[PDB]
Every structure is written in structure tokens, then in C-alpha cells.
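> Following this: a sequence and the matching experimental structure.
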Amino acid sequence: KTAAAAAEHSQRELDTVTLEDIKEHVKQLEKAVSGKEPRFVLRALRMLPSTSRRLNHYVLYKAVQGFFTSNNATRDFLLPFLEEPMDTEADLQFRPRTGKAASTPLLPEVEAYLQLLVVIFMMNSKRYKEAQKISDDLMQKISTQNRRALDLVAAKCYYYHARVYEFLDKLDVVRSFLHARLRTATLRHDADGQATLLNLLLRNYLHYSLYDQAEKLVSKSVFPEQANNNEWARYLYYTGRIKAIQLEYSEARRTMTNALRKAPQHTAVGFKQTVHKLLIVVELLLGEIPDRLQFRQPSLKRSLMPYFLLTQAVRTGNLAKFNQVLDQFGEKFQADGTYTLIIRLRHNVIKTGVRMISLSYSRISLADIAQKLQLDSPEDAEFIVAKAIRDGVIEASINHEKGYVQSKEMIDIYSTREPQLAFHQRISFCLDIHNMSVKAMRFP
Amino acid sequence: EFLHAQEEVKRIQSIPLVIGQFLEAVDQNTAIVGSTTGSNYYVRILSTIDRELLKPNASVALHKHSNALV
Amino acid sequence: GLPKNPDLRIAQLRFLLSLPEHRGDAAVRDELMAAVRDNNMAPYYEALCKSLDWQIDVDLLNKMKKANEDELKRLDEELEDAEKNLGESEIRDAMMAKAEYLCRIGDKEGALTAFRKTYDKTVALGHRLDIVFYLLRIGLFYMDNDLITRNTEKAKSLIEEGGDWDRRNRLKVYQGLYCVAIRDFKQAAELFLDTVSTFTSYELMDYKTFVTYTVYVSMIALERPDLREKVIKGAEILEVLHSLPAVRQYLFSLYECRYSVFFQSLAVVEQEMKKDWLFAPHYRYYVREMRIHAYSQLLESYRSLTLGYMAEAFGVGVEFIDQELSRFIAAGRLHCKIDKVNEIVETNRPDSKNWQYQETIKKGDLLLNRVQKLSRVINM
Amino acid sequence: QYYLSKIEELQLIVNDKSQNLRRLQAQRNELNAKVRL
Amino acid sequence: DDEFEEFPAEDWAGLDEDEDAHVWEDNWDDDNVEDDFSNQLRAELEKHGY
Amino acid sequence: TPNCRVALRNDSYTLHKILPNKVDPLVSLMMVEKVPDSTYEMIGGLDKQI
């Protein structure tokens, strides 16, 4: 019994440590209300998920009954919804509010936080109906109270609300909520809330493959630049994916590499896996040879080994081997949603090989290119080089005599100037950096 | 206006220098030098030139009438 | 420092018996001749894979191992129990004898344990240098690249800072990490031309083997600039090429740019590197990189050299040279194009300005990527 | 009072931009005083 | 701090071996499969007759 | 403080700042020496004399 008692006492001590973390959060909001500073609010929201992975029904009920010294609708909602365990030997001195603290009404910020914390705790417990009810109460309270600092909270609140509704499969129904809060955020200039709601809407259109509506909304909805880093990364990745579906290739590669760089390197393992697969497929379709250093990703070895074989097949120009490996391990490609693109690469391998061999050779025979890339037909080789030149990916031309292709030339007026023309945005970066400094040099 | 003033105050002449050897940098904004004719006197060191070439006992240059570290 | 060198030899023999199945008759003979000796039972958990589970010496050889290890263990117990010698005393060399027993006789695990033990115990300059050397030698023995990197890191960071004229005794195997790895291009050569050996013939199995490593590393390194004044001028270099005629043969063939003998000698070089555990560039930098350099050297100062004549000036098989050129142009080097309808090699060598311009725009791309990442770092 | 809030946010932006704007002027004036000294 | 498990986190289920377990840097060509060069040169010498 | 260095003025020569020592660094070594270590442990063979 000694070992079990010691383990239970230790886990109760960690429960009390988590309760002290929640108490520190409450003190953080007391300070935030005192100082009118939402940045330290952002710190509280950043530090919540770190401790979110270990909570207990009993310690949550402890925090509820302690913080709600004055009777309130939050306590009345948590009393039936939160199912604390049976009697526990450990109790704490629950008296945080006395006198004026109990007399003063509850803070809307801490109310939104208790609601969001209850919904995250319900999802951790794998409950759905109580979580949706708490989230509805949260959005109702945030809509009713019209303070400026609340909408910054409302951004991540609506974010996680729609994430819950995605598990609920109410991800279609929550669209009305998303659009209503979008209109409220448009009224209140809530850029972060707007960013969150567009991210949730884009994930909804992804889960329903509603890509035509997604692109029609993205092409008209302006996304805030100064938004949160994570929301920016999610939005940019979704935009890159939909551009890849739309065949917007240069924009797709730009957006996907930007999203990979914007994502935290230490975290976002699933996001990283998705961006590796996206870059592999899209750049192989482009013929842009995939980055070899990316294969050293410790979390993507098994997923990229068939991707490595796909790269090898793209370079070689063979068909049967990669068709076999797709029949073997193409189900994950279908789950990722690139299998249509997978077949598109399977049949554009010849295009990519033609680009590479045209870069290799000056005047290559059409018969030679057909033999190299398994065309076995002079007319098909001529058609392929025609299609490459009309696409403008390469400079290989056609002379119906034998297949002549022009070579390069020495550097002209603009060939030395295009780098400076495309790179002199350095001073634009400098000026935005200086303006950010001007904004962020508060003295007190 | 302030960029103009900053780039305007940066004239520092320094064309007609003379040589009188430095003794050592006692501190910043203070120093002691020995002229060619001797006459060791304490001077003020400007911030334009510093340790990068302010080695202890190397011959240095001074202003014609100001004998100041240039 | 002589120990772990015959161990290196037996490790290379195990390599030759295991990886190439062509050597499966003479490799067995040399492996047996050097494993029935050297007390190979604890270092036979690796040898069981190729040959039988255990050669027929079990009783006698295991008795010898256990008796020797027990005698050394008794000696160590006496020194560490009856006598309270601590720190700067003979207990340090007693534990060195313990580690020598556990290494030259026993398996690497006990040797590593005794090493780490005395390293954490005594931190004197000489003791620390000796143990760092032993750790590097055992790591390069058992091909623990992690251990090799660890000892190399600590030595190059702090251990070699304290104490001089011994880095000259250690760099020859400290650069073996670059030697065994792919990095045979710049760093290995730059720190490995030093012809100051800690022993006349040890560490890397010989001074001749040391020279062969030098020649391979330099050949990977560069083509033909004032390499005449860098390695050819080396008097010891010319002497050792006199000692090894075929080595002198391919080295002078590359220097003279005579491809007819160069390609045969280069194939011989690749075959020799196969028989060597330092075979990391199995498909990248045995012969393909060297001939990339050679072809660059050849077609540079040329504009349109015919495929048919460059083939006979560079071996035979015009089709073989054509496919090689196509493959290497696809690889990226060999700055030229092929006029197939006329079978010509039209090079495209940029001017100094043009090529350096290209390098600057490449680095501008890389650093725009860098500054965009840093702009991500800011504002978050 | 919501247009009042919007005007207050605009005033906050102006104040934040004017912070470093005044600080840069003050420190450059200090630099000019230093060079005059 | 969260790991963003919402995006599909399909960890690689092999956990068997690192193919490039050392610091070797591979190239797109380095992983082509052939009988190296010595055998190919031998075949070239044979087809030319020596 | 006596036996140190000072800064003076141009005409009136009034004091400016009491400079650190300049006489000592310049002529520290003429025919004398300050205290070395050369401890008696190094001294050997003459114990009956020391």
C-alpha cells in the first residue's frame, strides 16, 4: 500500500501544482485587467497548453469552487457539466475572494478563459456535447460583452470552438457562427479574430473539399499581415495547398516554403509532415528537384522513402516501377489528398525529363529524346517538345528538319539588372523593420 | 533636418596635422601625449579614433595648432 | 600508441571478408590467421557473422582470455584495495593496464568503461591526452562514428588546447574522421598533408598507407593548379611515389592529363578503394568526381571538341563517353552541351564576370531565404 | 462611443509612432551636442 | 506550447535503421544504381577488344 | 596627493585632473628591482647555510 499511496500523493501534488498554475493564470488576468495589457494575456494563453496535457476532474472542480466564491452562471453551468471524481482525501484552502473581491462582479476575460478551459478539458476527456454547450456559452458571453480586450481573446476562443466542432462534425454548422463573428470582427477591427475564423473556414472547406468556394473566398478576403504566427502559418499553408490544387505552381512553392519556415521548428510535427509531402509532390511535378537535405528529417523517413523512389523515377523517366510502388503505398497519398496529383506526376514525368534533358543538351535529336524517355515515336517526341516550348518552361525549339534547338547568349542589358530589380526590396524590408521598431520602442 | 545636421557636423578638418607621440590612453576623453619637441601635456581624445590603432607607445598625429589626437 | 593498430588491421580484415563477397577465400584465410591470434573471442561477436559461430579453438582460447583478464583484475583489485594510492599515483597506470587488458583482450565495452572511469577520475594533462588518444583509436576501431565525433570534438575543443607538440602526434588520426566520411575534399587535405607522423609506421597501418590516404584525399580535393608546388614539390611525396609505382602512375597520369592511361588507373584506384573500409563515397567521389574535375580541365580551354576524338583521347567506346557526358551534365557539372545531330561538345564556359555574377546571384538567393527566415523570426 | 473607440485606437497608433519619433530626435540632438562638445 | 497534432501526424513507423546514419551528404545522382565504374570500364575495354 | 601626475591649464596652469602615475612606469627599471618570488623551495643544497 505504501507504493500506491506514494504514487497517489505525488499525482495529487502535481494536481495541486496545476491548480497553482491556474491560480497564476488568475493572477495574470488580475494584473492584465489592472494594466490594460493584452500582451501578458498572450503570454498566459501561450503558457496554458504547456500545462494542458495533465489535468484532473477533481482539481478542475477545486479551481471552479474556489474561484467562484460569488455565485455565478459559470459555476451553475460547471456544476452538472463537470463530473468530478468521488471523495478525495486532499483539500485546499479555498478562499481567494473575500469582501470587496467577492462583491465585485466576475471579469469577462477570466469568464472567457474558464469557458475555453472547460471546453479544452472536455475534449481532453473526449466529451462532445458538454464541450459544445460550454463553447456556445463562451461565444454567447463574448458577444454580449463588448469590451475591446475581449475580442483578442475571442480570436483563439473561436479558433478552438470550431476545432471542437470539427470533431463534432458540426464543422459545416459552425460556419454560420464563423461568419457572424467575422462580421463582428469586421465591425470591431479584430484582425486576429478574422484570421482565426478564416483559418477555421478554410479547414472546413478542406474537410469537405470545398475548394472552389475556398478559392473564391480567399481571392476576395484580405488576411492580416500582423496576425499570430501560428494562424499565419496555417492560412498560408492552406492557401498554398489550394493553389497547388489550382495548379498555381510558382505561388504554391513560394507559399509552402514560406509556411514551412514560418512554422516552429521544434513543434508542428504533423504540419511539418504535410509540408514535406506537399513540397515533394509539387516540386516533382514542376521538375524542381526536391531538396535532398530535407530527407534527413527524423520524423519522415518512412514517408519519404517512397517519395525518394518517386524522385528517382521522376529523374529517370520510367513508369512501371513507380506505378508498382504507388499500388503498394499510395493509400497515404490518397489520405493526404495528392493521389490525383500523384497520377499527374506519373504522366508528367516525361515532361520533367524533357526539361532536364533539354537543359542538358544543345541540339538533341527527337529520336534520341524519345528513346531516352520511352516514347518510341518521332511524332510524339515532336509533340512533346512543342508542348514544352508553348508552356515556356524551356527554350527548346522545333525545326521540322531534324529538331534544332537554340543555345544561350552572352549577358545583355537586363541580364545583369534583373537580380537587382528583383532584390532591391531590401530597403523595403529595412523600412518595415524600422517602422516596427518605432511601434515597439515604448519607454515605460 | 537632424540627418543634415549630423552629416554636417562630421567635418573634423584633420588635413594639416603634426606629429607628437602618444604616451598612453589613461581613460576615454582623457589622455597624455608627448610632442616632438617634448612638452608632455595632457590632452582630450576624440571618439573618432580609438584602440583600433591607439597602441600604447606608437607615434601618432596631432592637429597643427590643437595638438589633439587625430 | 601501438595497441588498437593490429586491432585496426583485424577490423579491416573483417570488413574485407564481410562487405565484398568476391574476397571470400583469401579473406577467410587472413581473418583466421589474425583471429586465432590476438585473442579473438570477446571480439568475435562481430566475427561470427561471416565465418562459423566460433572457430575450433574454444577451450584453449577462452581459458587464455579468462586467465589473463582474471590476472589483470587481481592486480587492479590489489592496487585499489590494499593501497590507498589516489590521484597523482600509480593507480592511474594500474587502471591504464586494466583498460589495456579489457581492450586488447576483452570486448570494447569494458575497455570503454575503464577509460571513462579513469577519465572522470584523473584530469591531468598527460593522462587526459593518453585516454583521449585511446578513445579515438577504439572508436575508429569499432566504427562508432558517434564515439569518433565525440572524442574529436572534445580534443579539438579543449583537450588539444592544453599541451602542444602532441597535436602533431594526433592530427593524423583526428582527421581520420573526415577521411572515413565523405569530407575528403578540403578539410581532410588541409590538415592532413602534414608529414609529421607520431610513429614511423603505426596508427594508419603504415606510412605508405598514410601516403595513399593523402593521395586519394588530394585527388578528391583538387585538379591541377599549383598542385605541382603543393604536393608534387614534396620530396617525401616523390620518394613514396617511387616506392609505389602504380600510385605514382595514376598520380602522374592525372597531373599530365593523359586520359588513355588515366581511366584505367582510375578504375584500378576505385577497385583498391573497394578493398578499403574507407569506401564511404561508393557512388559519389571514387571516380565520378575525379573525372568531373578531369573533364572540366579538358573541355575548358576548348570550345567544340568532337565526341569521337575525345573518346579515343579518353579511352575507347565513343558511346560510353557520350553516355558518361550526358549523365554528368544531368548531374550538373561539365558546363557544356551536346549537339547530337552533329555529335559535338559545345562548351559554355562563363567569363570571369559571368560565372562570378552567377555565384553572386546564387548567394543572393540563399541570403534572401535567410533574411526572409529572419523576418519570420521578428514580428512574432 | 464605438467611433470614440476607433478614434482612441488611432490616437494610440499616433502615440506609439511618436514615442520613438521623439526619442530619435532627442538622442540625435544629444549626439549633436556631443559632437559640439 | 503545443505540438500541433491537429495536422495529420503520421510518424514514420519503421524505427529500424537510419540509411545515412553518418554525416554523409547525398546527391540526387549519388543514389543511382549501377555496377560502379570498374566493371563498366572492363566491359568497354572488352567491346573495344582489349 | 604628492608624487603623482596632474593635468594643468594653458596660461594660469590651474589643476585639471590628478592623473595616475607616470613617473613610475617610465623609469621603473634603472638599476633596481621590485620583489620577485624565487622561493626557497627552489634554493637547494644550501639548507645548512640558509
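That came through, no problem. Numbering: from 1, shown residues only, chains lettered A, B, ... in the order given.
> tell me the SS of the residue nearest to the spatial centre of chain E?
Nearest to the geometric centre of chain E sits residue E:31, at 4.0 Å (C-alpha atoms, centre = their mean). Using DSSP: H, G, I helix; E, B strand; the rest coil, the structure places residue E:31 in coil.
> Can you give me the neighbour number for residue 2?
All of this refers to chain A. Around residue A:2 there are 6 other residues, counting by other C-beta atoms under 10 Å in any protein chain shown. For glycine as for every other residue, the C-beta is placed from the backbone atoms N, C-alpha and C.
> try chain F instead
For residue F:2, using other C-beta under 10 Å, the count is 3.
> what's the answer for the one 10 residues further on, then?
Counted with other C-beta under 10 Å, residues neighbouring residue F:12 total 6.
> how much space is there between the residue of chain D found nearest chain A and residue A:431?
Nearest residue of chain D to chain A: residue D:20, at 3.8 Å (C-beta to the nearest C-beta). Going from residue D:20 to residue A:431 by C-beta to C-beta, to the nearest Å gives 14 Å.
> What residues does the stretch 101-250 of chain A have near chain C?
For the stretch 101-250 of chain A, the contact set with chain C under C-beta under 8 Å from any C-beta of the partner chain comprises A:226, A:228-229.
> Let's see that with 6 Å instead.
residue A:229 (C-beta under 6 Å from any C-beta of the partner chain).
> In the stretch 101-250 of chain A, what residue lies closest to chain E?
For the stretch 101-250 of chain A, C-beta to the nearest C-beta, closest residue to chain E: residue A:163, 6.7 Å.
> Excluding chain neighbours, what is closest to that residue?
Once flanking residues are discounted, residue A:163 sits nearest to residue E:6: 6.7 Å by C-beta to C-beta, 6 or more residues apart in numbering or on different chains.
> picking up where we left off before, surely the residue of chain D closest to chain A and residue A:438 touch.
Yes: counting by C-beta atoms under 6 Å, residue A:438 is a contact partner of residue D:20 at 4.1 Å.
> Looking at those two, which is more packed in?
The residue with more neighbours, out of residue D:20 and residue A:438, is residue D:20; 19 against 16, by other C-beta under 10 Å.
> Return the set of buried residues in stretch C:47-57.
Of all the residues in stretch C:47-57, those buried under the rule 16 or more other C-beta atoms under 10 Å in any protein chain shown are C:47, C:50-51, C:55.
> what's it in contact with?
With C-beta atoms under 6 Å, 6 or more residues apart in numbering or on different chains as the contact definition, stretch C:47-57 has outside contacts at C:17-18, C:35-36.
> switch to 8 Å and redo it
C:14, C:17-18, C:28, C:31-32, C:35-36, C:40-41, C:44 (C-beta atoms under 8 Å, 6 or more residues apart in numbering or on different chains).
> do stretch C:90-107 as well
C:3-4, C:7, C:38-39, C:42-43, C:45, C:65, C:68-69, C:72-73, C:75-76, C:79-80, C:83, C:85, C:110-111, C:113-115, C:117-118, C:121-122, C:124, C:127, C:130, C:134, C:138.
> how about 6 Å then?
Contacts of stretch C:90-107 (C-beta under 6 Å, 6+ apart): C:3, C:39, C:42, C:65, C:68-69, C:72, C:76, C:79, C:85, C:110-111, C:114-115, C:118, C:122, C:127.
> Same check on stretch A:354-362?
So stretch A:354-362 is contacted by A:287, A:384, A:388, A:393-394, A:396, A:407, C:329-330, C:337-339, C:346 (C-beta under 6 Å, 6+ apart).
> What residue in chain E comes nearest to chain D?
Counting by C-beta to the nearest C-beta, chain E gets nearest chain D through residue E:1, at 29.1 Å.
> Residue B:39 should be in a strand, yeah?
Yes: under three-state DSSP, residue B:39 falls within a strand.
> and the residue nearest to residue A:163, backbone torsions?
phi -60, psi -50 (degrees, to the nearest 10).
> before we move on, what about residue A:384?
Torsion angles, degrees, to the nearest 10, at residue A:384: phi -70, psi -40.
> give me every residue that touches it.
So residue A:384 contacts residue A:354 (C-beta under 6 Å, 6+ apart).
> what's the distance between it and chain E?
Computed as C-beta to the nearest C-beta, to the nearest Å, the residue A:384 to chain E distance reads 22 Å.
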